[PDB]
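These protein sequence lines are chains A and B, in that order.
Everything in the first sequence is counted per my numbering, starting at 1 for the first residue and increasing by one.
Everything in the second sequence is counted per my numbering, starting at 187 for the first residue and increasing by one.
The beta carbon of each residue, even a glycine, is placed where N, CA and C say it ideally should be.
First the structure, in the form of C-alpha cells, and then the observations on it.
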Amino acid sequence: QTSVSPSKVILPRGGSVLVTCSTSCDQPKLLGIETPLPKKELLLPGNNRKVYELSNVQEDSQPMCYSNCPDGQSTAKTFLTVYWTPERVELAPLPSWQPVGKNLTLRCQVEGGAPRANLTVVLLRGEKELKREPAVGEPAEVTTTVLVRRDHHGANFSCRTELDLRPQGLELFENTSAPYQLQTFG
Amino acid sequence: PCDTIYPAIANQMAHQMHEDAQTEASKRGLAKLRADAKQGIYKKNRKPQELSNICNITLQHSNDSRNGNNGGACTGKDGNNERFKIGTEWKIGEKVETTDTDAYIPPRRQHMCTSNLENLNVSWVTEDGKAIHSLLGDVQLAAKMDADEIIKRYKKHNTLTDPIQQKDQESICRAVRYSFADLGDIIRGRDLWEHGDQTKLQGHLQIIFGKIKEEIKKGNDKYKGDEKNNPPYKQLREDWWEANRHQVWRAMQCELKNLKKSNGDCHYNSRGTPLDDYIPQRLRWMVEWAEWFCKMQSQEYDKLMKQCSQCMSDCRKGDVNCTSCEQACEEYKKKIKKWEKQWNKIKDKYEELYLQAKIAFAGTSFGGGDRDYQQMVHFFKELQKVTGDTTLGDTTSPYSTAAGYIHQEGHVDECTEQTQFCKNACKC
Ligand SMILES: *[C@@H]1O[C@H](CO)[C@@H](O[C@@H]2O[C@H](CO)[C@@H](O)[C@H](O)[C@H]2NC(C)=O)[C@H](O)[C@H]1NC(C)=O
Ligand SMILES: *[C@@H]1O[C@H](CO)[C@@H](O)[C@H](O)[C@H]1NC(C)=O
Ligand SMILES: *[C@@H]1O[C@H](CO)[C@@H](O)[C@H](O)[C@H]1NC(C)=O
C-alpha cells in the first residue's frame, strides 16, 4: 500500500538525499517519514506523495514511511549506506636503521573507513604486495614479517587502504601511507 | 512554463554524453574492440561470406541455436498485430512489487525483433575466439530485420497510402531511431524492461563478454574486476557499443533507404549516426508515450465529434443523438483517465529525479527497483548546470517538470484542441 523511492542509497557523509513516500490511497489520513535525521519537507501539490530532504547524513540510517490508507496503516522502509575514506592510515613507529638478517615486524594502523565490508588493506614494498586482508576493528590492525636483506637497502615500504564501490555503481578510492625506507648495515 | 522562448538542448546534452563515452572508452580498449560482421563465423561456417556490405546479410548469418525456422529475429513477435496499432495500451514490468516500476514499455519495444539474440548459442560465438565480430553480426542482423519490420508493420497497422504523409515518415524515422537507441541500452545492460526473455538474453551476453575480456587480453587488461560491476561488465559493454555504433546504424540504413524523406527526423537516414542512444531510456519512452497518446487522442476526439456534431451545431435532450453522445463522451473519458493514470506516475517520477540532482552531492549512487537512477540523476545534474538551474527554487528552466520537457524537445503536433500536458455538448 505504501511505496518508497529510492530503495538502497550509498552517499558520502555530510551530503543530502531525497526520499519519497507514496500510497495507493489518494486521500490518506497522515503521511510522513520517521528518522532521527534532519529533514525539511519540500512543498509539492501531491496529496498522496510527500518528499523530504535529509541533510547531513553521517551514519547508516533506515527510515520508514507511514501512510494512513483506510485499509490499514501501511509501512515501507529504505536503507542508506554511508561511505568515507579512512581518516588515519599509518605504519608502526620503527627505526630506519636495521642490521642484516634480523626478523622485522611491521604493523599498519587503519583508523576509520566505511563501509568496512568493501574496505581492504594491502602491505607493500615499493609496488609488491606481502599481505592483503580486509579491515576489521578500529583501528584496523594488520601485520606482516620481513627478514632484512641488504639488496633492498633504501627500498620504500608502505601500506595502502583500498575501498571499492564498483558493484554499487561508484569508483574505488584508495589511500597510501607514509613511506619507510630501511637502511641495512652490517 | 508552457514569456521568452528557451533553447533546444536535447542534442547538446547527449553530445556531451557522447564526448564522455568516447574519452573514457579510448582510455581502455576501444581500438581492440572495433568489429565488422565480415570477420565473424556463424553456424560454425568457415566458408567465405559476403558481409563487406552489411546489406547483403541474411538470416542464416546468425548463431541462433534453433534456425530450423524461417523467421530469424522476428520469431514469435507480435502475433496479434498490435505493435503499431494506433492507441494500443502500454504495460508495466514484471519484477517483485518493490519500488513499483514507473517504466511503461512502448509497443514497438515489447514486440522487438530479437528472437535470434534470445536463443543465441554462446558456443558458436566464442568457440573460435572471434566473439567480437561474431557478436556484431547478430546485432546488425536484428537491427536490420527490425528496421524492415517497423517500417512494414507501421504501414499496415495504420494503413498508409503510397504517397506517405511527411508526418508519418517522420513518425517512422523516429520509431526506427527509438529502436536503434533501445538496442544500445540492451547491449550495455541499461534496459528497463525485465521479462523472462530479457533475463535469458542478458544471460547469454554476460557469458559472451566474459570471453571477450579474456579474448583481447592477449597480459594487462583495462577491465580489471569488471565482472563485479552492476550491470556486469559495465565498462566493457559501454566501450563495445561506442566502437561499433556507427555500423549498427549503417546496418539499419539498408532498410531506411527506401523512405523518400531526407529532412527533419529522417536527416540520419543517409548522413551520420544519431545520438539518441546517449539519451536516457526513461526519457525516450516518455516522448514515445506522448506521441502514441497524441495519436490516440486525435482518434477518440474525431470519433467523439462525429456522434456529437448534432448536439451543439440541435439534438433534443433525450433522443438517440443524446444517448449516442452520452456513450461517446463517457468512452472518451474512460480512455483518457486510463492514460493519464500512466502519465501521473511518469510526471511524478520525472519530478523526483530532477530535484534529486540539486541536493545530492558528489558520489551519490542509487540502487533499487530500477537500475537507472545513477545514470538518470547524473544526466540532470549535467543538464541543470548547462541551463544554470541548480538552486532549489527556480522554475525558469522549463525542464523543471515532465510536461515542460516534452514542450522543449518532444514532437507532439497531432493533439487536437488540447496541446496541454500542463495546467499551472456532452450533457444535452
Ligand atoms: C584518501 O583518499 C581519498 C581519495 O580516494 C582522498 O579524498 C580525495 O583527496 C584528494 C587529494 O588526494 C582530492 O583530490 C579528492 O577530491 C578527494 N576525493 C574525495 C571523493 O573526497 C582523501 O583525502 C585521502 N585521505 C587521506 C587521509 O589522505
Ligand atoms: C561488499 O562487497 C561484496 C562483494 O564481495 C558485496 O557482496 C557486499 O554487499 C558489499 N558490502 C556492502 C554493499 O555493504
Ligand atoms: C623510493 O624508491 C626509489 C626507487 O626508484 C628511490 O629513488 C627513492 O630514493 C626511494 N625513497 C624515497 C623516495 O624516500
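Query                                                                                                                       : Result
Runs of alpha helix (DSSP H) lying entirely within the stretch 291–326 of chain B, each at least 4 residues, in chain order : 293–296, 301–304, 308–312
Contact test: residue 193 (chain A) Cβ vs ligand 1 heavy atom, cutoff 7 Å                                                   : The requested residue 193 (chain A) is not part of the displayed model; chain A covers only 1 to 186.
Check your reading: residues with Cβ closer than 7 Å to ligand 3 heavy atoms                                                : A:126, A:154, A:155, A:156, A:179, A:181
Where residue 166 (chain A) meets chain B, residues with beta-carbon distance less than 9 Å                                 : 411, 412, 414, 415, 416, 420
Closer than 7 Å: residue 85 (chain A) CB and nearest ligand 1 heavy atom                                                    : yes
Stretch pair the stretch 367–380 of chain B + the stretch 463–474 of chain B: three plus CB contacts closer than 8 Å        : yes
Any non-hydrogen atom of ligand 1 closer than 7 Å to residue 174 (chain A) Cβ                                               : yes
Complete runs of the beta strand (DSSP E) confined to the stretch 52–83 of chain A [at least 3 residues]                    : 64–67, 74–77, 79–83
CB contact flag (residue 473 (chain B), residue 291 (chain B), <8 Å)                                                        : no
Beta-carbon gap between residue 364 (chain B) and residue 470 (chain B) smaller than 8 Å                                    : yes
Host alpha helix (DSSP H) of residue 362 (chain B) (start-end)                                                              : 352–373
Residues in the stretch 31–47 of chain A having any Cβ partner in chain B nearer than 9 Å                                   : 42, 44, 45, 46
Sequence ranges, beta strand (DSSP E) only - wholly within the stretch 111–169 of chain A, length at least 3                : 119–125, 128–134, 140–147, 156–164
Residue 607 (chain B) (DSSP reduced to helix, strand or coil)                                                               : coil
Span of the alpha helix (DSSP H), counted from its first residue to its last, around residue 601 (chain B)                  : First-last for residue 601 (chain B): undefined, no H or E at that position.
Residue nearest to residue 108 (chain A) in terms of C-alpha spacing, selected from A:179, A:48, A:155                      : A:179
Short CB-CB distance (under 8 Å) between residue 546 (chain B) and chain A                                                  : yes
C-beta atoms of residue 9 (chain A) and residue 547 (chain B) nearer than 8 Å                                               : no
Any chain A beta carbon closer than 8 Å to residue 265 (chain B)                                                            : no
Cutoff 8 Å: residue 378 (chain B) Cβ touching any chain A Cβ                                                                : no
Residues of the stretch 520–541 of chain B with Cβ closer than 8 Å to any Cβ of chain A, in chain order                     : 534, 535, 537, 538, 541
Candidates B:198, B:190, B:189, B:191, of which the one nearest residue 570 (chain B) by Cα                                 : B:198
Neighbour list for residue 15 (chain A) in chain B, Cβ cutoff strictly below 7 Å                                            : 546, 547, 550
Limits of the unbroken beta strand (DSSP E) element including residue 34 (chain A)                                          : 31–34
Interface residues of chain A facing residue 555 (chain B) [CB-CB closer than 7 Å]                                          : 7
Residue 185 (chain A) burial status per 10 Å Cβ neighbour count (16 or more: buried)                                        : exposed
Residue 458 (chain B) CB to nearest heavy atom of ligand 1 below 7 Å                                                        : no
Beta carbon of residue 319 (chain B) nearer than 8 Å to that of residue 221 (chain B)                                       : yes
Residue 168 (chain A) beta carbon near ligand 2 (any heavy atom closer than 7 Å)                                            : yes
Straight-line Cα distance separating residue 71 (chain A) from residue 36 (chain A)                                         : 28 Å
Of the listed residues A:74, A:130, A:4, A:98, nearest to residue 62 (chain A) (C-alpha basis)                              : A:4
Cβ of residue 559 (chain B) within 8 Å of any chain A Cβ                                                                    : yes
Residues bridged to residue 240 (chain B) [DSSP beta-bridge criterion]                                                      : Beta-bridge pairing links residue 240 (chain B) to no other residue.
Contact check, residue 203 (chain B) vs residue 260 (chain B), beta carbons under 8 Å                                       : no
Unbroken alpha helix (DSSP H) run spanning residue 434 (chain B), endpoints                                                 : 420–442
Buried versus exposed call for residue 348 (chain B) [16 or more other C-beta atoms within 10 Å across all chains shown]    : exposed
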